[PDB]
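Residue numbers (the authors' numbering), protein chains in the order written: chain S, 150 to 298; chain C, 2 to 264; chain A, 2 to 264; chain B, 2 to 264. To keep things clear, I will list the structure first and then write my remarks on it.
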Amino acid sequence: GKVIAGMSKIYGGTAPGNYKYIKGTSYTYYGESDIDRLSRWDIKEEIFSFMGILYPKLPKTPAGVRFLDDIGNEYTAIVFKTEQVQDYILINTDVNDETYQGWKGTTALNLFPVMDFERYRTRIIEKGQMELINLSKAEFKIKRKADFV
Amino acid sequence: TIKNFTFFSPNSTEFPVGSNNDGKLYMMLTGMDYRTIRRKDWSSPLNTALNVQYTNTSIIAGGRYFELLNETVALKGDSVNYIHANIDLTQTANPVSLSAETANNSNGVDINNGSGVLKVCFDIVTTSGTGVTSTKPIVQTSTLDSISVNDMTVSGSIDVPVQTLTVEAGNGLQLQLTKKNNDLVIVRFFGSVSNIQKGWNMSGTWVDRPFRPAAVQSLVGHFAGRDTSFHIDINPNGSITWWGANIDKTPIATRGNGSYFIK
Amino acid sequence: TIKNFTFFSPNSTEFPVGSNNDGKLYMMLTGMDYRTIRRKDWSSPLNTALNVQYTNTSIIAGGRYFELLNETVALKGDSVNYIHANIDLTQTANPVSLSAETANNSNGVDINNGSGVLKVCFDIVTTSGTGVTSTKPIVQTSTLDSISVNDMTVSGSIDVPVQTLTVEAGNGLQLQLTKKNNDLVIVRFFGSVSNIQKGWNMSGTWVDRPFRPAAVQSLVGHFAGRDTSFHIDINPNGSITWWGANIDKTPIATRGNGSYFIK
Amino acid sequence: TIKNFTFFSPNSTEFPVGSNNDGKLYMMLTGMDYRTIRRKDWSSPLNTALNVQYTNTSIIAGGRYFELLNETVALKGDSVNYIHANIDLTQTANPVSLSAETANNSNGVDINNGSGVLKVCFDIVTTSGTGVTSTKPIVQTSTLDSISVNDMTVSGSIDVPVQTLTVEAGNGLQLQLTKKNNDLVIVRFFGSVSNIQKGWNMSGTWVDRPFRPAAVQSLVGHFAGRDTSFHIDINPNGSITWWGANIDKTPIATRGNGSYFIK
């Protein structure tokens with residue numbers, strides 16, 4: 150948010166800086182140092198399946214997405230622990246043709262046995278936010294059902 | 002409702018923080034109530050006859066900060082004055098006022114949440130007919146729940162919880178136990194023991210659970226008026242096993258002090 | 002680079018203070034980490050059926066101050082409810098929310114330096130099938146480096162460092178030493194002594210440097226099942242001198258507790 | 002004159018709070034002087050050759066908050082470098098500057114009330130010819146008046162007030178008393194007692210008032226090189242009463258340690 154004189158927390162004007170406690174206008178913080186760290190992958194309505202292209206960072210560290218509910222707790226997580234850095238993990242939650250393949254170059258690797266079976270509790274994603282575990286970049290395609298349209 | 006404060010407002014109106022809101026925040030940070038203060042003298046206050054001028058003294062009363070810059074306080078002749086900080090929020094121009102009172106009239110009124118005038122003593126001034134005789138500042142209380150600390154230095158003293166116990170071991174033996182901080186216990190020997198053998202358990206009452214040690218504690222005592230000694234094994238189950246020489250029908254006075262750790 | 006905050010901005014733009022910077026500042030002033038809180042009920046919370054209404058409670062979590070003003074949390078029946086403050090900075094309009102959970106799910110997430118939701122438990126509310134039976138607050142931890150204090154009162158207990166050492170002193174004598182606060186030592190005698198004379202150094206292991214006293218310490222012991230006693234001297238060099246009577250080939254069981262200060 | 006700060010400004014001009022006013026306020030809350038700091042390494046600093054980079058370290062020096070974000074400071078080869086935080090308010094563009102020095106050159110300049118440059122050491126970097134060998138940070142002293150705590154955990158040690166006294170009891174007895182926290186006292190027996198009867202008082206000096214216990218403490222001793230023992234009664238009035246065997250003209254060496262509580 151933009152910095153405003155009298156409204157923001159700053160010691161300005163006549164030396165050695167002055168910030169006033171007013172009623173309603175008082176002092177409101179401008180923003181946060183390095184606000185570029187905050188990124189929310191927002192989930193507003195219940196989603197069923199998705200086709201994400203996961204770009205992993207570190208090898209041998211569980212890489213994959215986890216899902217947070219409205220209170221900041223985890224219900225489901227698709228997490229894989231690979232031996233080498235995959236160029237991208239392709240995950241599809243579609244019931245009919247599930248795909249969990251780690252691509253490296255032109256080679257496609259099946260990631261099903263390497264996956265955490267206990268963390269992956271449900272396919273149905275609820276209202277909250279998605280967190281990226283050991284990922285540099287992410288590209289998602291969300292499919293959400295509607296009974297009558 | 003949840004009123005958020007230490008959070009940025011993008012439209013610069015969302016989360017405004019007031020004097021009372023920060024006042025309550027500061028009180029929690031230092032661990033103070035409306036009955037105690039945070040006071041620091043940057044320059045010693047001058048004493049001119051029956052008057053006390055605070056050259057440069059900063060005070061945090063009820064989480065509200067204020068500086069006293071060459072502020073003189075009138076004193077009562079030949080009396081023990083109590084200097085109070087009076088905060089009346091209704092006085093928008095001058096909320097803080099000072100007063101020298103007969104007795105400590107600290108009210109502890111919650112000003113940050115409710116209405117009223119907050120009175121709190123910070124300095125005690127003892128005076129004579131002419132001028133100031135002696136000055137004593139009010140202790141700055143820091144109420145805390147738990148402390149994780151590397152090192153500590155105490156200039157006064159520490160008040161640890163004390164527990165007393167008087168168990169009649171039997172055969173004529175009396176023990177006076179004093180447990181401090183649930184660890185160190187000093188056993189005081191009393192009475193006169195009779196009809197007991199070596200390695201035999203003592204007939205009377207057993208040691209209570211809060212005073213029982215983790216391992217068997219061998220505590221040495223002495224027979225009054227003699228050069229003969231004894232020792233009793235306080236086992237973890239509370240049982241007191243005699244380990245001195247075999248004593249007949251004649252009772253001999255037993256006295257002594259023995260220290261042991263429970264933990 | 003150096004980022005300055007508590008400094009004057011000549012053109013009102015140089016040093017803006019962010020909510021994360023104040024968060025870190027406040028955490029440092031009070032000595033709190035992301036796994037604790039500062040909490041104050043200015044007025045008592047009210048229990049109505051399976052609900053707790055926080056009437057006026059202030060909380061500091063991750064250095065962020067907020068107020069619960071008539072904020073009701075719904076509870077699970079016949080359960081131990083762990084009340085959490087949840088901070089999500091991405092939820093710009095409502096960054097703080099409360100939850101009643103089945104376990105203490107405090108996560109210690111650094112919200113002032115990185116991304117994520119901070120969850121911190123502050124209250125434990127136990128219910129029956131109809132309402133609240135008991136409430137217990139979570140401890141407010143103060144993590145400090147070094148304290149210089151005048152007086153302190155402890156209602157619970159102080160946990161100080163403890164070191165133990167078993168010494169095979171020689172001639173069958175065994176010492177079990179327990180040192181607390183690196184100062185107070187309680188020596189427990191074990192084993193059985195034979196073939197020693199008064200004034201003679203015991204033939205075994207010397208006391209390790211961390212248990213050595215600054216001055217010679219005479220510790221009284223007792224012979225199990227006898228009227229006789231002895232004493233040993235723990236010398237500042239770690240050696241142990243026998244000061245009982247001369248002992249012949251037959252071993253005599255040695256017991257008793259003796260205390261000394263290292264400092 | 003009274004300068005109010007944590008208060009509402011009706012016309013938005015009444016109570017302006019400055020950097021020095023908040024600076025003094027923050028100092029009083031944490032309990033710090035101009036000679037100590039509040040430092041926290043959010044991310045461990047990196048050591049590359051004869052240089053130390055502070056990745057993310059927040060420091061509160063003289064109540065002034067600042068962050069070191071990847072700020073590298075040059076070091077001296079094979080030397081003990083004392084890293085200082087230098088605050089100069091006249092340097093309005095960049096008030097905080099870092100410096101690696103030969104010795105701890107902390108000045109304790111009152112920057113909030115007066116003028117000058119504040120210097121304060123926070124880190125001690127020991128180096129070699131190539132790089133860094135070891136790093137030891139400066140202690141964070143939290144100066145407090147009174148503490149009202151429930152529980153405590155110490156990783157180092159607590160310094161309590163220690164008082165020592167040497168009483169020449171009489172008949173050939175010497176008592177070395179060591180009082181810690183004005184409560185626990187360990188008495189050491191010295192000298193050679195001669196010409197005394199059982200139940201009779203001591204001829205020489207009496208125990209001083211600060212070392213006098215609340216009740217009569219029976220302290221057990223031992224005769225050097227013998228299998229005979231003794232015990233003395235230190236009454237609350239300061240009097241010492243012998244309770245061992247009757248001693249004839251020949252003096253026998255008396256040694257031993259006996260502990261008791263005053264309160």
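Note that beta-carbon positions come from the ideal geometry of N, C-alpha and C, so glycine has one too.
8 angstroms Cβ cutoff met for residue i and residue j
{"i": "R189 of chain C", "j": "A225 of chain C", "result": "no"}
{"i": "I84 of chain B", "j": "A104 of chain B", "result": "no"}
{"i": "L47 of chain C", "j": "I60 of chain C", "result": "no"}
{"i": "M264 of chain S", "j": "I192 of chain S", "result": "no"}
{"i": "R270 of chain S", "j": "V228 of chain S", "result": "no"}
{"i": "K276 of chain S", "j": "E223 of chain S", "result": "no"}
{"i": "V155 of chain A", "j": "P162 of chain C", "result": "yes"}
{"i": "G259 of chain B", "j": "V221 of chain B", "result": "yes"}
{"i": "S182 of chain S", "j": "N183 of chain A", "result": "no"}
{"i": "residue 268 of chain A", "j": "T136 of chain A", "result": "Missing from the structure shown is residue 268 of chain A; chain A here goes from 2 to 264 and no further."}
{"i": "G213 of chain S", "j": "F289 of chain S", "result": "no"}
{"i": "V234 of chain S", "j": "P211 of chain S", "result": "no"}
{"i": "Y179 of chain S", "j": "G24 of chain A", "result": "no"}
{"i": "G132 of chain C", "j": "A62 of chain C", "result": "no"}
{"i": "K292 of chain S", "j": "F199 of chain S", "result": "yes"}
{"i": "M153 of chain B", "j": "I148 of chain C", "result": "yes"}
{"i": "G171 of chain A", "j": "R210 of chain A", "result": "no"}
C-alpha distance - residue i paired with residue j, whole-angstrom precision
{"i": "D89 of chain B", "j": "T2 of chain A", "result": "17 angstroms"}
{"i": "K77 of chain A", "j": "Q54 of chain A", "result": "15 angstroms"}
{"i": "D124 of chain C", "j": "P138 of chain C", "result": "4 angstroms"}
{"i": "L99 of chain A", "j": "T142 of chain C", "result": "32 angstroms"}
{"i": "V74 of chain B", "j": "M29 of chain A", "result": "24 angstroms"}
{"i": "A254 of chain B", "j": "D79 of chain B", "result": "56 angstroms"}
{"i": "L145 of chain B", "j": "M33 of chain C", "result": "12 angstroms"}
{"i": "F67 of chain A", "j": "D111 of chain C", "result": "18 angstroms"}
{"i": "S13 of chain A", "j": "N95 of chain B", "result": "15 angstroms"}
{"i": "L26 of chain A", "j": "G64 of chain A", "result": "7 angstroms"}
{"i": "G130 of chain A", "j": "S44 of chain A", "result": "26 angstroms"}
{"i": "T251 of chain C", "j": "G157 of chain B", "result": "52 angstroms"}
{"i": "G162 of chain S", "j": "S285 of chain S", "result": "43 angstroms"}
{"i": "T167 of chain B", "j": "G245 of chain C", "result": "33 angstroms"}
Own chain, CB closer than 7 angstroms to residue i, minus 5 neighbours either side, in chain order
{"i": "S10 of chain B", "result": "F16"}
{"i": "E169 of chain B", "result": "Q175, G205, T206"}
{"i": "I248 of chain A", "result": "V194, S195, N196, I197"}
{"i": "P237 of chain B", "result": "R213, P214, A215, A216, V217"}
{"i": "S219 of chain C", "result": "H232, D234"}
{"i": "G192 of chain C", "result": "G173, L174, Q175, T255"}
Residues near residue i by beta carbon distance below 6 angstroms, same chain, minus five either side
{"i": "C122 of chain A", "result": "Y83, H85, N105, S107, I139"}
{"i": "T58 of chain C", "result": "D42, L69"}
{"i": "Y176 of chain S", "result": "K158, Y168"}
{"i": "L178 of chain C", "result": "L166, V186, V188, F212"}
Own chain residues within Cβ distance below 8 angstroms of residue i, not counting five before or after
{"i": "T248 of chain S", "result": "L239, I240, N241"}
{"i": "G109 of chain B", "result": "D34, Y35, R36, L119, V121"}
{"i": "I171 of chain S", "result": "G155"}
Taking only runs that begin and end inside the stretch 116-180 of chain C, name each unbroken beta strand (DSSP E) of 3 or more residues, in chain order. 118-128, 133-138, 142-144, 147-160, 163-171
Chain A contacts from the stretch 160-191 of chain S (Cβ-Cβ distance under 7 angstroms): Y160, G161, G162, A164, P165, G166, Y178, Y179, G180, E181, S182, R186, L187, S188, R189
Unbroken beta strand (DSSP E) runs of length 3 or more, entirely within the stretch 55-104 of chain A: which are they? 65-75, 81-88, 97-102
Which residues of the stretch 10-22 of chain C have a Cβ closer than 8 angstroms to any Cβ of chain S? Give them in chain order. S10, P11, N12, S13, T14, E15, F16, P17, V18, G19, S20
Mind listing which residues of the stretch 133-145 of chain C have their C-beta closer than 7 angstroms to chain A's C-betas, in chain order? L145
May I have a chain-ordered list of the beta strand (DSSP E) segments no shorter than 3 residues that lie completely inside the stretch 197-248 of chain B? 218-224, 230-235, 241-243
Taking only runs of the beta strand (DSSP E) that begin and end inside the stretch 230-289 of chain S, which ones reach a length of at least 3 residues, in chain order? 237-241, 248-253, 256-259, 277-282, 284-288
Output needed in chain order: residues of the stretch 181-192 of chain C with a Cβ under 7 angstroms from some Cβ in chain A. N182, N183
Scan the stretch 106-117 of chain A for residues whose Cβ lies nearer than 7 angstroms to a Cβ of chain S and list them as they occur along the chain. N106, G115, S116
Relative to chain A, which residues along the stretch 64-83 of chain B have a C-beta separation below 9 angstroms, given in chain order? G64, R65, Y66, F67, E68, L69, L70, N71, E72
Check distances from the C-beta atoms of the stretch 199-228 of chain S to those of chain A and list, in chain order, the residues that come in under 9 angstroms. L217, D219, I220, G221, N222
With a floor of 3 residues, list each beta strand (DSSP E) that falls wholly inside the stretch 21-54 of chain C, ordered by position along the chain. 38-44
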